[PDB]
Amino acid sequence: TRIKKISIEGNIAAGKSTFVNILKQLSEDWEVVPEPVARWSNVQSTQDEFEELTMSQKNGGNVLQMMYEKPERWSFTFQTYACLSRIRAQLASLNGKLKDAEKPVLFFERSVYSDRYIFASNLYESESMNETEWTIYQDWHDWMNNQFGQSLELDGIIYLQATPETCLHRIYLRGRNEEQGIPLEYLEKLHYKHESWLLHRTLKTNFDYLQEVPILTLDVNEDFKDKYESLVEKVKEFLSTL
């Protein structure tokens, strides 16, 4: 549609939510679809219309934690749910926000492509999904994407590049409970997937237009004040090109 869709990609705790949520104050025509991580650590489904008047919406399972604890059991289930909740949030925001905007830009915290080609794929490569799980996942992912056509197609990607060591430190700073045992090696594997996809651009996907989508790579290893001015200038220049 008229809404430009820009995905913000980068490793866990690179600083995507921080950067984008400050950035988007620069324009009333700019909005963000946050990644549904809260929904993964407290798994809930919709209450009946009458039941919710007399029953609380209780805390459900922690599928994020289950995946970290036993990835060979929970990876498929986690990845399925992560992508479904993402698509759901991105579509609803597409169809409902920025209606009265002159040059609307919707920023996505990550995309369905990072779900598959970074996160799920890394789990398949780690033998945390077997051939059957990997086949089911890709089949479902392809199907959903063909269903939407150009709906979610990206106009641009901003890659926030941080070292695995930076991300590890920032995981500690943020203090999300389920992330606290994450080892450097896991971040490193994820780092490598981001570099292949977004920087060296050697990673091949089932979605041909991606080979051509413009990418802005930003180095976010510095303390926030130290580069923010220059990053904002780069983003504004990049967007003028789309």
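All residue numbers refer to positions in the sequence shown, first residue = 1.
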Handout entry: Mean temperature factor over C-alpha atoms, higher-scoring stretch between 8-16 and 219-227
Key = 219-227
Completion exercise
With B-factors read from the PDB entry, the higher C-alpha mean of 25-33 and 191-199 is in 25-33
Exercise for the section: Can you pull the Cα B-factors for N146, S111, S75, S121 from the entry and say which is highest? Expected result: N146
Exercise for the section: In terms of CA temperature factor as recorded, identify the highest of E133, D155, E165, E127. Expected result: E127
Fill in the blank from the handout: For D115, the third of its chain by CA B-factor is the lowest
Exercise for the section: Ordered by C-alpha B-factor within the chain, which third holds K204? Give me lowest, middle or highest, please. Expected result: highest
Exercise for the section: Report the third (lowest, middle or highest) to which the CA temperature factor of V63 belongs, ranking only the modelled residues of the same chain. Expected result: lowest
Practice task
Compare the C-alpha B factor of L106 with those of the other modelled residues in its chain, then answer lowest, middle or highest third.
Solution key: middle
Exercise for the section: Name the third of the chain's ranked CA B-factors that contains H141, choosing lowest, middle or highest. Expected result: middle
